[PDB]
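Novice: What follows is a single structure, and I will ask about it in a moment.
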Amino acid sequence: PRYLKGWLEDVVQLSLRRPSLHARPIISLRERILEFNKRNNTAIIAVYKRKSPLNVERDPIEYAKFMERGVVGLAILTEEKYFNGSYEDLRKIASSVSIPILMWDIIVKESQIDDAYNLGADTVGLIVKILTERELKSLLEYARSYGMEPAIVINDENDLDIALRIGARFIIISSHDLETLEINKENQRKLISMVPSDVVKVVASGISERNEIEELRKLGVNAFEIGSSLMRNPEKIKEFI
């Protein structure tokens with residue numbers, strides 16, 4: 001991984017030691033989004049997470065069932081220490097619903113992607129700020145050999161530059177600085193404008209308003225990853241969709 005300090009360094013050290021886990025074909029999240037775009041349907045990816053470095057108690061299976069007929073897909077937190085998730089959330093949800101599942105964790109080795117796949121995930125997130133460029137490209141290719149097209153998280157012009165050169169086709173534009181936790185949307189529109197035509201673009205959020213989703217979609221954004229506000233009030237999905 002990259003050199004890190006604070007909670008990032010701690011979470012990556014943990015992930016490097018993540019025990020692997022021996023265990024329905026893939027439904028592409030990327031594809032589904034495209035198809036939702038072609039039908040003029042707002043594509044929301046609802047995030048399940050109990051905590052965030054948020055503290056909600058909500059059943060994973062009920063949440064996923066509730067979201068099932070609305071969302072383009074579900075991202076599930078499997079990171080155990082800061083987000084209070086586990087592989088078992090992913091396992092139960094992937095067995096309970098039939099929409100694409102994105103496994104959200106801090107992926108630093110190959111075995112975590114084996115885990116994603118054997119747990120029933122259709123895709124994974126990879127984070128440009130966590131990894132060297134060579135590690136990113138290697139893990140992207142590893143996920144592809146399983147038939148997963150990963151969503152690569154970018155944060156700035158540097159992130160995108162590396163993501164594009166290694167051949168990413170699916171990109172999450174995050175406005176969160178992972179270290180400081182602060183959300184800054186000021187480079188968001190310019191980042192979105194720099195993404196090529198052939199890439200499926202997801203905005204990651206601190207999204208809570210329909211209005212904001214509409215402005216973004218006008219700019220060409222393909223889908224919307226939404227966490228905190230859905231965890232606080234699942235019912236908001238209706239306004240967003």
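All residue names refer to the structure tokens as shown: chains lettered A, B, ... in order, residues numbered from 1 in each chain, ligands numbered from 1 in order.
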I'd like the neighbourhood of residue A:205 as a list in words, where a residue qualifies if any of its atoms comes within 10 Å (using only C-alpha atoms), though same-chain residues fewer than 5 positions away should be ignored.
Specialist: residues 172, 173, 174, 175, 176, 183, 185, 212, 213, 224, 225, 226, 227, 228 and 229 of chain A
Novice: Each residue of stretch 214-234 of chain A with at least one atom at most 10 Å from stretch 55-70 of chain A should appear once, together with its nearest atom pair and the corresponding distance in Å (one decimal); atoms considered: only C-alpha atoms; ordering: chain, then increasing residue number; output as CSV.
Specialist:
```
residue,atom,partner,partner_atom,distance
A:228,CA,A:56,CA,9.3
A:230,CA,A:63,CA,9.4
A:231,CA,A:56,CA,6.9
A:232,CA,A:56,CA,7.1
A:234,CA,A:63,CA,7.5
```
Novice: Could you list, as a ChimeraX atom specification, every residue within 6 Å of stretch 35-43 of chain A, counting only C-alpha atoms and ignoring same-chain residues fewer than 2 positions away?
Specialist: /A:32-33,72,223,241
Novice: Skip residue A:131 itself and residues of its chain fewer than 5 positions away, then list as a VMD selection string all residues within 9 Å of it, counting only C-alpha atoms.
Specialist: chain A and resid 1 to 3 107 to 108 126 136
Novice: So that I have them on file, write out the residues from the current selection with N, CA, C and O atoms, as a PDB file, in the first residue's frame.
Specialist:
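Listed below is the output, result-v5.pdb:
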```
ATOM      1  N   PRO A   1       0.820  -1.209   0.000  1.00  0.00           N
ATOM      2  CA  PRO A   1       0.000   0.000   0.000  1.00  0.00           C
ATOM      3  C   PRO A   1       0.870   1.282   0.000  1.00  0.00           C
ATOM      4  O   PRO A   1       2.099   1.179   0.116  1.00  0.00           O
ATOM      5  N   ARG A   2       0.236   2.456  -0.133  1.00  0.00           N
ATOM      6  CA  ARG A   2       0.895   3.737   0.020  1.00  0.00           C
ATOM      7  C   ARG A   2       1.263   3.930   1.463  1.00  0.00           C
ATOM      8  O   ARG A   2       0.688   3.264   2.370  1.00  0.00           O
ATOM      9  N   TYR A   3       2.207   4.834   1.701  1.00  0.00           N
ATOM     10  CA  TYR A   3       2.504   5.270   3.092  1.00  0.00           C
ATOM     11  C   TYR A   3       1.394   6.099   3.669  1.00  0.00           C
ATOM     12  O   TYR A   3       0.937   7.033   3.026  1.00  0.00           O
ATOM     13  N   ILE A 107      -9.334  -2.698   0.419  1.00  0.00           N
ATOM     14  CA  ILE A 107      -8.785  -3.854  -0.252  1.00  0.00           C
ATOM     15  C   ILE A 107      -7.326  -3.607  -0.590  1.00  0.00           C
ATOM     16  O   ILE A 107      -6.975  -2.692  -1.376  1.00  0.00           O
ATOM     17  N   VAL A 108      -6.483  -4.405   0.029  1.00  0.00           N
ATOM     18  CA  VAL A 108      -5.043  -4.237  -0.141  1.00  0.00           C
ATOM     19  C   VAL A 108      -4.359  -5.501  -0.612  1.00  0.00           C
ATOM     20  O   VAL A 108      -3.208  -5.446  -1.057  1.00  0.00           O
ATOM     21  N   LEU A 126     -12.108  -0.305  -5.152  1.00  0.00           N
ATOM     22  CA  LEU A 126     -10.697  -0.013  -5.002  1.00  0.00           C
ATOM     23  C   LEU A 126     -10.413   1.501  -4.861  1.00  0.00           C
ATOM     24  O   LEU A 126     -11.002   2.288  -5.515  1.00  0.00           O
ATOM     25  N   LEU A 136      -2.780  -0.993  -7.763  1.00  0.00           N
ATOM     26  CA  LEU A 136      -4.140  -0.699  -8.244  1.00  0.00           C
ATOM     27  C   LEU A 136      -4.424  -1.481  -9.524  1.00  0.00           C
ATOM     28  O   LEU A 136      -5.533  -2.059  -9.727  1.00  0.00           O
TER      29      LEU A 136
END
```
Novice: Between A:186, A:179, A:214, A:88, which has the minimum distance to residue A:4 (counting only C-alpha atoms)?
Specialist: A:179
Novice: For residue A:164, which of A:199, A:191, A:145, A:26 is the closest residue, counting only C-alpha atoms?
Specialist: A:199
Novice: As a VMD selection string, list the residues of stretch 10-209 of chain A assigned to alpha helix (DSSP H) by DSSP on the backbone atoms of this structure.
Specialist: chain A and resid 10 to 16 29 to 38 60 to 67 87 to 96 111 to 118 133 to 145 157 to 165 188 to 193
Novice: As an exercise, work out the distance from atom CA of residue A:10 to atom CA of residue A:22 in Å and give it to one decimal place.
Specialist: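 Value for the atom CA of residue A:10-atom CA of residue A:22 distance: 25.1 Å.
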Novice: With only C-alpha atoms as the basis for distance, which of A:84, A:123, A:15, A:222 is at the shortest distance from residue A:34?
Specialist: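 The shortest atom-to-atom distance to residue A:34 comes from A:222.
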Novice: Would you kindly return, as a ChimeraX atom specification, each protein, DNA or RNA residue with an atom no farther than 10 Å from any atom of residue A:116, considering only C-alpha atoms and excluding same-chain residues fewer than 3 positions away?
Specialist: /A:20-21,78,87,90-91,101-105,107,111-113,119-124,143,148
Novice: Name the closest residue to residue A:98 among the candidates A:50, A:24, A:201, A:18; distances are taken between atoms, counting only C-alpha atoms.
Specialist: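 When distances to residue A:98 are compared using only C-alpha atoms, the smallest one comes from A:24.
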Novice: Quick one: pull the distance between atom CA of residue A:27 and atom CA of residue A:99, Å, one decimal.
Specialist: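 Atom CA of residue A:27 sits 7.3 Å away from atom CA of residue A:99.
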Novice: I need the residue nearest residue A:17 from this list: A:182, A:149, A:110, A:31. Use only C-alpha atoms for the distance.
Specialist: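 Ranking A:182, A:149, A:110, A:31 by distance to residue A:17, first place goes to A:110.
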Novice: If DSSP is run on the backbone, what residues of stretch 157-195 of chain A are strand (DSSP E or B)? A reply as a ChimeraX atom specification would be ideal.
Specialist: /A:170-174,176,183
Novice: Okay, now the selection with C-alpha atoms, as a compact mmCIF listing (two decimals), in the first residue's frame?
Specialist:
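File produced: result_7.txt:
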```txt
# COMPACT_ATOMS: atom_id res chain seq x y z
CA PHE A 170 -16.02 2.51 -13.65
CA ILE A 171 -15.17 5.37 -11.31
CA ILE A 172 -16.55 6.73 -8.07
CA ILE A 173 -15.93 10.45 -7.62
CA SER A 174 -15.71 10.88 -3.83
CA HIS A 176 -14.56 12.78 1.13
CA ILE A 183 -16.32 16.55 2.62
```
Novice: Given only C-alpha atoms as the basis, pick out the residue of A:106, A:192, A:47, A:94 nearest to residue A:14.
Specialist: A:106
